[PDB]
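See below for the structure under consideration.
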Amino acid sequence: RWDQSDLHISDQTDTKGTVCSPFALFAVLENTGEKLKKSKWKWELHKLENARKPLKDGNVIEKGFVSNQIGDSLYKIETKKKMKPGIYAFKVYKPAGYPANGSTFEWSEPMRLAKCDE
């Protein structure tokens with residue numbers, strides 16, 4: 005660990021079920037003691053085939069660095085566009101450059117966006 009090591013996704017898009025929406029998804033990372041100081045945390049949004057299984061890598065739609073300071077100790081990441089129906093989640097894995105080994109991934113819980121006139 006180090007100064008910036010404890011950014012956690014403490015808040016996120018609260019659809020949590022079958023919701024029909026055109027919306028930009030977001031996740032909020034709070035540094036719970038270990039303040040973001042050295043560099044920036046790397047994130048990537050995934051299209052997950054299933055939300056009831058342990059979320060997996062391979063499908064990436066959006067990605068970048070957290071950066072956005074929505075509060076002195078609060079950071080935010082969002083999708084650059086309002087997306088089509090599907091299952092999404094944010095996969096952040098510590099500061100950029102850090103070898104992703106030893107369970108360094110933190111998933112935002114899979115939020116589902118639908119678009120269905122049913």
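Going left to right, the sequence shown walks through residues 5 to 122 as the working numbering numbers them. We put the beta carbon where it would ideally sit given N, CA and C, even for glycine.
Can you grab the Cα-Cα spacing for the pair residue i / residue j, in whole Å?
i       : j       : result
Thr-83  : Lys-57  : 23 Å
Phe-94  : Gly-75  : 20 Å
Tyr-79  : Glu-122 : 37 Å
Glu-53  : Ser-9   : 30 Å
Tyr-97  : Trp-45  : 7 Å
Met-87  : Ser-112 : 17 Å
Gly-106 : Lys-119 : 37 Å
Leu-11  : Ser-25  : 28 Å
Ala-55  : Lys-20  : 10 Å
Can you round the beta-carbon distance between residue i and residue j to whole angstroms, since I take them to be within the 8 Å contact cut?
i       : j      : result
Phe-30  : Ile-81 : 7 Å
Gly-62  : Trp-47 : Between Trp-47 and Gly-62 the Cβ distance is about 16 Å, and since that is not below 8 Å, they are no contact.
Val-32  : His-50 : Actually they are not in contact, since the Cβ atoms of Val-32 and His-50 sit about 18 Å apart, beyond 8 Å.
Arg-116 : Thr-36 : Not really, about 27 Å apart at Cβ, beyond 8 Å.
In the DSSP assignment, what are the bridge partners of residue i?
i       : result
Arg-116 : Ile-91
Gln-73  : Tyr-79
For residue i versus residue j, is the C-beta distance shorter than 8 Å?
i      : j       : result
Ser-77 : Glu-34  : yes
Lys-39 : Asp-7   : yes
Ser-43 : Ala-100 : yes
Helix, strand or coil: how does DSSP classify residue i here?
i       : result
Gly-106 : coil
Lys-57  : coil
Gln-16  : strand
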